[PDB]
Each structure stands twice: as structure tokens, then as C-alpha cells.
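Listed here are the chains, written in short residue letters.
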Amino acid sequence: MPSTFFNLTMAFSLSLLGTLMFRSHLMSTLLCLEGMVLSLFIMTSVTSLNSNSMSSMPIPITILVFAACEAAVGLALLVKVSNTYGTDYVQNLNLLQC
Amino acid sequence: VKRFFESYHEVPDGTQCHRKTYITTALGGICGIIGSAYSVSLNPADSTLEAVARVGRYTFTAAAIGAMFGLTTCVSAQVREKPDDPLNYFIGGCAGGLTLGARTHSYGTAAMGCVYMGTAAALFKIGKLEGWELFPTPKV
Amino acid sequence: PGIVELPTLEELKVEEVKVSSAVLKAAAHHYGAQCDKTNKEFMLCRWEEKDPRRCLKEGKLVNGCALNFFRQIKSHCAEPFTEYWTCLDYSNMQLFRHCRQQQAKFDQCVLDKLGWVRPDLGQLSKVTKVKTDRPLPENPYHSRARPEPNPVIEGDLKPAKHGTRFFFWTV
Amino acid sequence: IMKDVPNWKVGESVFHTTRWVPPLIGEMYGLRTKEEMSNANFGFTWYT
Amino acid sequence: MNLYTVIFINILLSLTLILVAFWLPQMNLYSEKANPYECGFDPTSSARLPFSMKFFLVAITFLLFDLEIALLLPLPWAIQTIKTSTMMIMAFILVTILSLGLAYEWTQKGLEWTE
Amino acid sequence: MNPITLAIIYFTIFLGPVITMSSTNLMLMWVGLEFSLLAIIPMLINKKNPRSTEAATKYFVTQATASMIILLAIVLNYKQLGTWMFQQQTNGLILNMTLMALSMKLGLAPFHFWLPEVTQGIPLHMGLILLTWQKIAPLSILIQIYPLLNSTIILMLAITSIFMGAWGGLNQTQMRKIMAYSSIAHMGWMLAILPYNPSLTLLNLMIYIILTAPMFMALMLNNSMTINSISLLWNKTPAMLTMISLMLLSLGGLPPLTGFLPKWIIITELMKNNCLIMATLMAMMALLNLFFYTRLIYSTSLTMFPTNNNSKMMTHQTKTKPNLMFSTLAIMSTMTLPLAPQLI
Amino acid sequence: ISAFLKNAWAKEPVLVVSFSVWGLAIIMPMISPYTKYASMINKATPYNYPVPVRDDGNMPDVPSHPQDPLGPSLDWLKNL
Amino acid sequence: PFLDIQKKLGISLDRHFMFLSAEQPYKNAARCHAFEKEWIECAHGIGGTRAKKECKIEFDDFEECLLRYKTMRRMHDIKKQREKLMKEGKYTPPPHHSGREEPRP
Amino acid sequence: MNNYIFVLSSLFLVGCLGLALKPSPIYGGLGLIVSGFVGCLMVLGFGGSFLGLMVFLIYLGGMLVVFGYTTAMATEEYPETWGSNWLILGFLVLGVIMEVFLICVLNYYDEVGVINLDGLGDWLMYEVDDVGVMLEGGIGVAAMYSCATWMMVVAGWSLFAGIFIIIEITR
Amino acid sequence: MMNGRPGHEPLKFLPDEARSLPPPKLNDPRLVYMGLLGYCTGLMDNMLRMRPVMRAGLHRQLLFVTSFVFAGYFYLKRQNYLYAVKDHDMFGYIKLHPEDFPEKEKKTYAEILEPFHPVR
């Protein structure tokens, strides 16, 4: 358990780091968010299985559901920005500077 | 460790000059590096060598202000017989402000920074004597 | 803090069944009927004490009852029982539905020779009474004394003194 | 094993409470062999 | 250990067939043979350019419906409950809400491909 | 938007925060946060203009990152204490990360660069929701964990945001960005007083909401969105100038107006707790707010700016837009100090 | 609406079937003698151990032996 | 919770799965059920500030049960000494710990 | 087998590292597929089953839709792989070596703590109900139909509102 | 601070315990100021909608003033209850812990050597 939790926390940390520093494509940022979602779900799953707490196993599934809903919203926003600018580049998202 | 920074107040001023100067220089350098990281993360520069030059300039300027402040404060407290008199921190802060003005090539910054930094340092010293507490914990 | 108190290897010794899972399944129902008081006393011991170190003497009585039961079967209904549990062992999950005929043979043999009666579908699973002189373990959790609550201010409400004492508002 | 280590209480519990705490597989099979430990860990998951 | 063994055996079999297929045949590599294929004429443009997806809305809706599938997949164990009435009511509400969402999308032309 | 979408979306925006403040479980508070996040975005992108899409994307990315950080905090607290609520024994880093991520959600500095842009992009009638209704949930999450927060971190964020909002307000000409910066400053006060006495944090939240909503409806009245544009109210709608002036001054926080009560009471509590330096600095820097509100007052009410020929037809045409709630909130926000004792 | 229902029956039979089956899925459980027995059966299934309860001498219904007449009886399940 | 709608209305939407000691499916209690129950019953009534000092023993037992840091320390030390003694040559693994035992039923 | 779980977690870390470095979305999806598989395996090894399989299923679907979106919008004339960009390649190797060295450092400073490479695999499972029957994670998850109906209500509402939100965002 | 007070009953406007306090006098300055606020709000609404400021909407003005007074009465009652509860808990706690709030004995002025600073 301890080593697994350490590596999983490091994985979430790396995915958060990847989200915080961009790299042009918004789709990649969405994927990094989705990876953090994966890591958090795994954390919860292993914690519950370790503790034999079967009343908290309803909660990782809720995590997945809500993360899926937000990911769908993100994809729709990607579609709209693409319709606006021709690409998904985050550079174009600079109008509101003024 | 925070022991290094808390060692600044191990012995009253006018003594262990070199050590106190080192400590203030390090603190100024840290502040400068933080500010430089912010100023590069926002408002990027054309060249990466430009960015590193910027971080160097900010860091060295802040370190210089801190070093001059510590040196002048300790020298004042030592040459005059008053160890814990806030006028010493005021003179040190004014020295820091003047050094900032020189580094920026401007007399107006020299004057404004002298007044403001000297007042800040004097208020710091006053707080340390009188027991003021910044960032307190809920007492109600 | 304190040295744990594990029982000695000598007192953890008892004659043991050494009969396979298929055999135990084949003998289960009648073994649930006969040998009920002993098992139930031991089970109540487990649940009440919560300490496995405090029910060993009763667990060994459980083992002795099991040995007696199986010795009786071996003495009287041995061959039908061997047939029955061979057929059970063959099955993948040891399902009863596959060997009913041999089950009938064994059940009749025990019913006539030894007077046993098999339990119906709803018998072995009902909660039962148990009689024991073993006293009810008090403080089973070794619980510390609960900290005393805060004192409760007792009185009757009255209007605030000199109104809402806020800076300058008269009331 | 711990005959001569300076300060060791042989049967010391890690719990204040004197209640029986079930032993977890690490304690139970720790000194045994890797085979027994891995059996305890995976015998059911890794199928029959 | 059996599942790992059999899956690794499958992997090794497939990879071995590939390696044999790549190291047995006699080869002749040249530019015209290697260049991409497009009905006998050269590519007017590379295939990496944007390719509009005319079913984007249905594609996203698939995500949410699959998560609904996830929410429903515990039913075989759920039915082994004591609160059968509660389980029934909850499952009925869930499926009816699924149906209403699909019906609204249909009536709003979500499923009609975008031109 | 068709009626059924309006019903469902507005109902979900209303639901999210209610779940957050009526949930005993951290995962359910997180569920409320996600509800608000998901449901607001379609309202933001309702216009479907290039600026609107970009504002919605900025909001989405920032809020999603904040929610994930909070969820990490929840999961680690679970790993530690086998429960779904923060306890006194909970590791300090977990609470630090929670405060940090809820700060990002709230828009507090130095995580404040996102709020001005989104507010500028989005229309006023949704700017109101963004700067009022969407703060109740995160601040509730903090208030439920107030005894365990970190005084150093909270005071640092609060003072940072006071300074940053005050400085940012000056430069901006756009009303939408000005209201964003005002939001930042007032939230700075709210969090400054949170760890010591959350009742006053809630008082400040109430008064800020009750002052911002009137101002946002005032802007909506003529769709004003610039200093120059709002300068034409002396011609388009003279009546409102008096209350607009009073309300801007109150938000600034002059004594006779209500806006004083939050700042004065918060300074009083901080002084009781011996937070003299931070209290002094915050009070001092809260005057740039009065400056960049006084500029607006000068532009609108005290001086008459040049008007256009075509405003004459605006005069000719009739108007039926100001609500009863405008008058109620405006008066009850800018004329209530004498009832201050009852408020606290 | 006879006309619209009759047309739907032929031009969109799939939806007619779906709505009818959904309606039945709701209606039938309320209208059926056997519905009560599902929860009783799932309560009859004994997954965990039946914990004996100490006899304080004044427990008159719970039996002392499994084969005693007292206690729940699965005759109803046996001949459901 | 910030507003006690649930306590006010008498409903329990989410207050029944807060800790490991709550009711579990088919009466399968979670790890450290007894420890958590002790801690919570100790800490009821008295405020959180007083509990943080007057139920500390129970909390320490609970965290030990749930995380087991001290147990890992102890096992690590025992096996470290076993390895050191073995490399020296002053210990042998007994038959039952080695691989051949008299397996018990 | 001793190093089974630690190896799986390290592979998860590496997949997440690649995703963080953010190659083209196609390689991002491939990396996340591998990471989802490894995470499902970790959950399976920790006694889970339904949860691991569900994550794998939902993630396969999600990456399918994501790939479809990438081919249409998130595309470039020359997509960049992990190795194409020298900085990405160098930092990939740097991250791998850095994690190795960090593992060593934590092991050295805390011989027993966050990581116990010595004694690794000795604490994977803590407790198991040896003679139980109903202990499968599917039961706990299905509890949403009985004891946690609030969870079901909120999640179902989330999906329902998602339908309308998505339609009106894409209008 | 008062949320955890023993006997707290969640989300109750006026707990039954509040009936033992003298109820607000209905010509209180606070309620009168509430009525004044309501009247001014009505006038403001008239002015904004471009109406006869004082002549028009008398039903509206009456509703405003009466609503303000009606809300003010009950809110004032709750506030009185809360301040009374605070004082009750105050004095109960102080009585319980005489050790931590000892009563000071004050020396008269004769025996106190207050320094004298000339104002020359």
C-alpha cells in the first residue's frame, strides 16, 4: 500500500504539472486532466479495497461519472473554439486581454 | 532550514556583521528570484537568454539591496552605541533604497525607495522590540 | 506498551478432524443438527468475548463433538457415506443437486440405524438460544472511561444587559 | 533473533489498548517464506 | 498466473508471426513503391489535415450514455438486495431519465448528422 | 434556449450550491461544485461569439483544475482518517491544498487573472451570477472547515488580493473588469476574517452581494459597459444617478454608508486578535477602491459628459426595465448602518 | 387518440412497442401477487452466520435447537 | 454542514456513510471497526478542541490500526536483524518458517 | 511477484509522465490507454474486480471518442511524438532517472516509511474474510440501489443535465 | 461561535426558548426606521420608473412600509434572542469558572502613587 500510494500521488502530481504548463493544443491539456481523474479514481479504489470499506465503493463510480460529464463539456468547448478559429491552439484564446 | 534566517536575531545588532549581511543578502536574493520567476512566467521575453538575463538582473539587484541594508544597519548599530534603536534600521532601509535607485539609474526611485524602505525596516525593528505579531493565530 | 499474551503451543494442541471438504459437506446437515449445543456455545463465546484467546477451551469441545459425530458415522453408516461424499467430491462445486440418490441412501441409513433426522430447508439458519454459565463479558472492548461532557449552563433567559452592547447604540 | 538488540520488548504490542487485534497477513507470514506470503496475497485473485 | 501465461503466449505468437513476415520475404525497397497510395495518382494533399466529424454531437452523447451503462452494470448484484422496492424505483427512474434525455435529443435533432 | 433547457440549467445552477451547503460529506460537496461548474458554462457560451467561447474555455480549464485539486485533498484525507470530512488530526498539507484550490475557484489572488477575463467576456446578466451566486458554495466549504485553516496562508492571500484588486481597478476602463476587481478585493476581506470569526465573513458576503446585484442591474438597464457609456445616463436615465453614486460610494466603503460596516467590524475583530499590521495595511489599501469608484462617480453623476444626437429618440421612447428588487436592494444596502447591531 | 395511435402502430412500430413495454414494466409489479415474495426470498437466503443469542431465561420464541418448531419457517418458499 | 437541512427535516441523505464504522453491506465491518467506534464514542459530546487532547489515545490506536506504520517498523527491524544474524552465521530458519512444516487443518 | 504491484505502479507513473509531457493527442490517447490498463491491473491485484474492469471500459470508450475528435480538430501536418522533440525525449529520460533516484533517496532516508523496497510486497493485502461469501466489490458498488440512493440521484441528474448542456454548447 | 451551544436546534428562526424575553415594543426606533426605509424604497421605485414620486402607487407604498415593518419585527425578535443567549452563556460560564475570572480588589486613590508630569 505505501509504495503504491506514493507512486500514485506522484502520478497525479505529474499530471497536474502537465495541465498547469500548456503546450499549444488544448486537447492535450484535456487529456492531462483526464489522467489526473484516472489517478484519483485509482487512489480511492485502492484505499477502499485496503480498508474493506464497501460503503465507500459507491464513490469512485461517482467520480468517474462526474469526470466524464466534465470531459464531455470540455470536448464541446473544444468544438466551439475550433469552429471559431480553425484550430484548437490556445494562442488564439487571447482576445479578452483587452 | 529556517534556522539560518532565525539566526539573524541570535545576537543584537552591531555584532556578527558578516553573518547578518550574509543572511539579509540571501533573503533579498530569494525575494528577487521569486519576483523574477513571476516576471518571466508573465510578460515573457523574446529570447531564453533574455529570460535568464532578466532572472540574473532581478536576483542580483535584490541581493544587492539586501546586502547593503544589512551592512549599513550593522555598521550603524556598531559605530553608534545604540544596539536596538530603530533609527538604525531606518538608515539601512534608506541605504537599500539608494542602492535600488542606483541599480535602476534614477534619483526619484532613490528618494522614494529610501523613504519607504527605511520606514518599513524601522517599523520592523519596532515590532520586534515591542512584541508585535504578524500573521497571528486565532485568540479571540 | 504491554507484552501480548499468546497461548502456548502446547495448549493450542487438539485432536483434529483431518477430513476433506467434500466429506464435511456431505456430513454437514446432520452435523448441523447433532452437535448444535456445543457449536453454538463456542460461537457465542467467539462473538461475546471477541478474543480468540478466551474461547479455546470451548473450541476444543467443538472439535471433540465433531470427532464423536464422525466416529459414529464411521461405525455405522460408513459405506453409504463414502459413496455419498465420493459423488460429491466429483462435482465441480460440490453441488448437492447432482447426487440425490446416494444422498437418499445415506439419509435412510442414518435415520434407521442411528435415529437421526435431516433438517428441512429452513432449520440450520435460524437464530437460536444458547445456555452458558460463562458470564457476560463486561467492557468487552476494554473501553476506556468515556470523558465527561462539558458542564451545562442552567438558567432562565433574560433580556441582554444594557441592550446590544455594540459601540454606541443605546439598545 | 532480537536477543541482544539494545531496547526490545519481545512481545510488545504497538497498541495502547489491551484488546485483541486480529493479526494481518504481514505479521502472520512475515517471517515465513516468500512463497507463503505471495500465496496469502494472491491465491484467490490469481485464480484457484 | 494462468491468465498471464496465456496472454503472454498469445502476444509471443503474434509477434513471432510478424517477425517471420518481416525477415523471411525477399525485399526490394524503392521510392515509387514506398510512396503513399491514392488510386494510382499522387496525393493532392497529406492525410494529416483536419477531417471534419459530422457526428460530433452523437459522439459526445456516447460518453454520457456509456457512463450510464456503468451506473447500471451493478444491477445483477443489486437485485440480491432486501430493499427490492427501492432498487426497482431507482432503476426505473434512471432508465426513464435516460429515455427522456435521448428523446429530447432526438426531437431537437441531435442525432441528425451535421452538414 | 428553449424553456426546458432554461428550467433544467437554471435548476442545476441552483442545485449545485444547495448540495454543497447541505452535504455532510466531502464528496457530495465536491458534487455540488461540479454541478455549478458544468451548468454555468452553457449560460456563459449562450451568445456564441468569439469572445464568449474563449471566456467559457478559460472558466472551464481553471475550474476543472481547482476541482481536481480539491478532490485530491478529499481522497488523501480519506486515506488518512478513513472518513469523508476534515478532522483536527488531518494532515496540514491537505488543508493547505484545499484552501489553495477553493481560492482558485473563488478567484482570489494570486489565482485572480482568470476572473477579469471571464467577466469581461460574458454578458452582464450572467456576470451577476458569476460574481454573486457562484461564491456561496466555495466559501461555505471553507467556513465548514474554518477552525483548521492556516492563518499565515489566509492572511497572505487576503492581503495579496486586496493590493491586487486595488491596483487593477485603476487602470481598467471597462465596467465589467472593474466589477471583477471589486469582487477580488471584497473576497480578500472575506477570507481575511474567515479564520477568526466566519460570521463576519458571511456578513461581508451578504453586503457585497446586496451591493453588487443592484450595480449589475443598473448596468443592465442601458447595457452600459464602459466609463464613456455609463457617462450618458444623465441623458438616457437621469433618475438613477443619485442611487448609483450612493452605491458606488458604499462599495468603496465610506462611513455613513453600509459598506463601512463590513470593513469596520472586520478591522475590529482583527485588532481583537492582534492582527495589527495586516489590518492597517488592508485598511490603507482599501482606499484605492474609493479612488477608482470616485472616478466613476465623477464621470456619471457629478459631471455631465458629452452626449449624442441620437439619444433624443432614446428619450422619446418609453422604458419599463428597472425592477422592484433594484430599489429594495439599493436602499437596503446604502441606508442601513443605523441597524448595524442587528446585522452582526 | 385512435387515429394517431393506429398510424403510429404501422409507421413507427418500434416506438409503440417501446412505450408499451415500459408502461407494462411499471404497471405489472404493482399488479401481481408474487411481488411481495422477492424480498422475503432474499431475506431467506442466509449469507452470514446466524449469531446465537445468550438465553437469559425469558426469551420465549427463539428456539434452543434448529429443529425445534419455533422460529421462521421456509415452508412458504418450499411451496411458493 | 453549513445549513443543517438534513438534521432539520430528519432525513439522512449522506450522513450514514461518513466513516468506516457505519453499516456495511451484509454486515461486513470495515478494518478497524472497533478502534473507530471507540474514538468516535470517546469524542462525542465534548467539543473538537477538547477531544483533540482527551481522546488522543483512542485516535493513536485508530491511526495505528488503519495505517500500521509502527507494525511495519517492527517487522522491518525484526527481518533486518534476521538478515544480519544470518550473514554472520549465528541463526538458522526453523523448519516451520523455512518451507517444510506439519500443516495444520 | 514480490515486485508485482510496485512495478505496476511505476509503469502507471511512466504512462502518466508521458501524458504530462503531452505529445500529439494520438500518442496521448495511446499512453492513457496503457495507463488505464495498468491501473485496472493494480486495482485487480488489490482485490478489486468490477471497479478495474469498469475503469478500463469507460476509458476505452472515452479515448475512442477523443481519438475521433483529434483526427478532426487536434491535428497537425507533422504530429510530434515523444521522441520527435529532443526536449521531450530528454525530459522523458530525465523523469525516468529522476524517479529512480528519488525512490533510492526516500528508501535511504526512511528505511521504513513511504517506500519499503526492503519488505516490499509484504503489505499489499492487510485483511481478508477467509470464510466469507458476500465480499465482492460489485456488492459495495450496487449498494447505490439501496443504502446510498442519494449518490444515484446526483449522478443520474448529472448525466441528464449533461445531455442538455452538451446540445446547447454545440448549437 | 454560538452554533455549537448545547441545546442548539438547527434552522429554527425563533426557538421556543425565546418566548420568555420581553417582546419588541412596536413603536421601537428600529421598526420606525424600517418603516421609513420602506417608504423611501417606494418613492425610489416611483422615481426610477418615472412616476409621480409621492402621489402614485399608494398601494405599492403601503405594501412596502408594512412589509418592512413586518420583517423587522421578527428579525428584531430573533436578534434580541441571540444577544440574550450570548449574555446567558457569558454569565453562566463566568460563574462556573471563578478561578479564571477573579474579582479584582481596587485600592483607593490615596494609596496609589500616580506619577505627576508637569505641563510647563
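Residues numbered from 1 in each chain as written, not as in the entry; some residues may be left out. Chains lettered and ligands numbered in written order. Part of a larger assembly, values for the part shown. Heavy atoms only, no water.

Header annotation of the entry names cryo-EM as the structure determination method and lists the resolution as 3.9 Å.

Peer 1: How should the overall build of chain D be read in this particular structure?
Peer 2: The helix and strand inventory of chain D stands at 2 helices and 0 strands. Viewed in the frame of its principal axes, chain D has a C-alpha envelope of about 45 × 25 × 10 Å. The buried share of chain D, reckoned over its 48 residues, is 35%. Summing over all exposed atoms, chain D offers an accessible surface of approximately 3200 Å²; the carbon and sulfur share of this is 56%. In chain D, 5 positive and 5 negative side-chain charges are present, and the distance between their average locations comes to 4 Å. (Helix = DSSP H or I, 4+ residues; strand = E, 2+ residues; numbered from the N terminus. Buried < 20%, exposed > 50% of the residue type's maximum accessible area, 1.4 Å probe, protein only. Areas by Shrake-Rupley, 256 points an atom, 1.4 Å probe, with all protein chains shown as cover. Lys, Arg positive; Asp, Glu negative; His and termini not counted. Charge placed at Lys NZ, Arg CZ, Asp CG, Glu CD.)

Peer 1: Any chance you could explain the state of the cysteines here in plain terms?
Peer 2: Scanning the model with the defined rule gives 5 disulfides over all chains in all. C94 of chain B shares a disulfide with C114 of chain B; S-S distance 2.0 Å. Between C94 of chain B and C114 of chain B, the S-S dihedral sits near -100°, and the bridge is therefore left-handed. Taken together, the positions of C94 of chain B in helix α4 (residues 86–104) and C114 of chain B in helix α5 (residues 107–130) put the pair 20 residues apart, joining distant regions of the chain. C94 of chain B gets classed as buried once you look at its relative accessible area, which sits at 17%. Judged by relative accessible area, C114 of chain B falls into the buried class, the value being 12%. Here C87 of chain C pairs with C99 of chain C through a disulfide, and the sulfurs are 2.0 Å apart. (Disulfide = S-S within 2.5 Å.)

Peer 1: Before we go on, may I ask you to explain the packing of helix α3 (residues 50–81) of chain F against helix α4 (residues 92–106) of chain F in this structure?
Peer 2: Relative orientation and spacing of two packed helices are given, respectively, by the angle between their axes and the distance between those axes. Residues and elements named next belong to chain F. The interhelical angle for the contact between α3 and α4, taken along N-to-C directions, is 160°, at an axis separation of 9 Å. Viewed along their axes, α3 and α4 adopt a mutual orientation that is roughly antiparallel. Between α3 and α4 lies a crossing of left-handed hand. Along the contact surface, α3 presents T62, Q63, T65, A66, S67, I69, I70, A73, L76 and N77, while α4 presents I94, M97, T98, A101, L102, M104 and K105. Each residue belonging to the contact of α3 with α4 can be placed in one class, and the counts come to 10 nonpolar, 6 polar and 1 charged. (Axes fitted to C-alpha atoms, helices over the stretch in contact; angles between N-to-C directions. Parallel < 35°, antiparallel > 145°, perpendicular 65-115°, else oblique. Left-handed = near helix turned anticlockwise from the far one by under 90°. Contact = heavy atoms within 4.5 Å. Nonpolar A, V, L, I, M, F, W, Y, C, P; charged D, E, K, R; others polar.)

Peer 1: Help me understand empty space enclosed by the protein, please; the structure alone is not making it clear to me.
Peer 2: One simple way to see leftover space: roll a probe sized like a water molecule over the atoms. Summed over all chains, the structure comprises 9 cavities of 30 Å³ or more. There is about 300 Å³ of room inside the largest cavity. Sorting the residues of the lining of the largest cavity by element identifies α2 (26–51) and α3 (58–85) of chain A, α3 (56–72) of chain E together with α3 (50–72) of chain I as the ones contributing at least two each. Ranked by the residues each element gives to the lining of the largest cavity, the list is headed by α3 of chain A, at 7 residues. When the residues that make up the lining of the largest cavity are grouped by side-chain class, the tally is 17 nonpolar, 2 polar and 2 charged. Counted as a void, the second largest cavity has a volume near 130 Å³. What lines the second largest cavity is a set of 16 residues, and nearest its centre among them are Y59, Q63, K105, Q134 and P138 of chain F. Listing elements by their share of the lining of the second largest cavity, those giving two or more residues are α2 (26–44), α3, α4 and α7 (136–143) of chain F. The element contributing the most residues to the lining of the second largest cavity is α2 of chain F, with 3 residues. (1 Å grid on protein atoms, 1.4 Å probe; cavity = no way out; pocket = protein on both sides within 12 Å on 5 of 7 lines; lining within 4 Å. Points joined across faces, edges and corners; volume = space filled by probe spheres on them.)

Peer 1: Would you take a moment to explain the packing of α2 of chain F against helix α6 (residues 149–170) of chain I for this structure?
Peer 2: Between α2 of chain F and α6 of chain I, whose axes approach to 9 Å, the crossing angle comes to 15°. The angle between α2 of chain F and α6 of chain I places the two elements in the roughly parallel class. Along this stretch, α2 of chain F crosses α6 of chain I, giving a crossing that reads as left-handed. Contact with α2 of chain F, carried on its side by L28, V31, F35, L38, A39, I41 and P42 of chain F, involves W150, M151, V154, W157, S158, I165 and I169 of chain I of α6 of chain I and no other residues of that element. Residue composition of the contact of α2 of chain F with α6 of chain I, grouped by class: 13 nonpolar, 1 polar and no charged.

Peer 1: Which parts of the structure should I look at to understand the packing of aromatic side chains?
Peer 2: Ring pairs (aromatic) are described by centroid distance and by the angle formed between their planes. For the structure shown, the criterion picks out 47 aromatic pairs over all chains. Following the ring pairs from residue to residue traces out a cluster consisting of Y31, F69, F70, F81, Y84, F106 and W116 of chain C. Taking NZ or CZ as reference, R19 of chain D lies 4.3 Å from the ring centre of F35 of chain H, over its face. Cation over ring: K37 of chain H sits above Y141 of chain C, and NZ or CZ is 4.2 Å from the ring centre. (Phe/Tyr/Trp six-rings, centres within 6.5 Å; stacked < 30°, edge-to-face > 60°. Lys NZ or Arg CZ within 6 Å of the ring centre and 35° of its normal.)

Peer 1: Quick question: what am I supposed to make of the interface of chain J and chain H here?
Peer 2: Accessible area lost on assembly of the parts is the figure often given for the size of an interface. With 4 residues of chain J at the interface, the matching set in chain H holds 5 residues. The junction of chain J with chain H conceals about 340 Å² of combined surface from both sides, 70% of it contributed by carbon and sulfur atoms. At the boundary of chain J and chain H, one finds 1 salt bridge. Note that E9 of chain J and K8 of chain H form a salt bridge whose closest N and O atoms lie 3.8 Å from each other. Within the side of chain J that touches chain H, the residues separate by chemical class into 2 nonpolar, no polar and 2 charged. (Buried area = accessible area lost by both parts, 1.4 Å probe. Salt bridge = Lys/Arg side-chain N within 4 Å of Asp/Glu carboxyl O.)

Peer 1: I'm lost on the UniProt feature "transmembrane region" in chain G in this one. Help?
Peer 2: In the numbering used here, UniProt assigns the feature "transmembrane region" to residues 15–35 of chain G. Spanning residues 15–35 of chain G, this segment combines 81% helix with 0% strand, and its end C-alpha atoms are found 28 Å apart. (UniProt positions renumbered as here; feature names shortened; annotations may be inferred.)

Peer 1: Would you explain the environment of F37 of chain I in this entry?
Peer 2: Relative to the elements of secondary structure, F37 of chain I occurs in helix α2 (residues 25–45). Along the chain, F37 of chain I and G140 of chain I lie 103 residues apart, while their C-alpha atoms are 22 Å from each other.

Peer 1: Is there a simple way to explain a nonpolar patch on the surface in this structure?
Peer 2: All names here are of chain E. Residues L3, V6, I7, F8, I11, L12, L15, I18, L19, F22, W23 and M27 make up a contiguous nonpolar surface patch of about 1300 Å² in total accessible area. Within the secondary structure, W23 sits in helix α1 (residues 2–23). By relative accessible area, which is 75% here, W23 ends up exposed. (Patch = residues over 30% accessible without salt bridge, like charges linked within 9 Å, V, L, I, M, F, W, Y side chains within 5 Å.)

Peer 1: Looking at this model, I keep getting lost on unusual backbone geometry. Mind explaining?
Peer 2: Working note: non-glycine residues mostly have negative phi, and peptide bonds are mostly trans. Residues and elements named next belong to chain F. Backbone torsion omega between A109 and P110 reads 0°, so that peptide bond is classified as cis. With a phi angle near 60°, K48 is a residue other than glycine that sits in the positive phi range. Examined against the element boundaries, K48 turns out to sit in the loop between α2 and α3. A relative accessible area of 28% means that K48 is categorised as partly exposed.

Peer 1: Even after reading the chapter, I still don't get the interface of chain A and chain I, so can you show me in this structure?
Peer 2: Listed per partner, the contact involves 54 residues of chain A and 70 residues of chain I. Carbon and sulfur atoms make up 78% of the area that chain A and chain I hide from each other, which totals about 5300 Å². By the criterion of area lost to chain I, the three top residues of chain A are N7, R23 and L38 of chain A, representing 12% of everything that side buries. Viewed at the interface, chain I and chain A are joined by 1 salt bridge. Between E80 of chain I and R23 of chain A there is a salt bridge, and its shortest N-O distance comes to 3.1 Å. Taken together, the connections running from chain A to chain I amount to 8 residue pairs in polar contact. Of all elements in the fold, only α1 (2–20), α2 and α3 of chain A reach the threshold of two or more residues within the side of chain A that touches chain I. If you tally residues by element for the side of chain A that touches chain I, the top one is α3 of chain A, at 17 residues. (Polar contact = N/O pair within 3.5 Å; in protein donor to acceptor, adjacent residues only side chain to side chain.)

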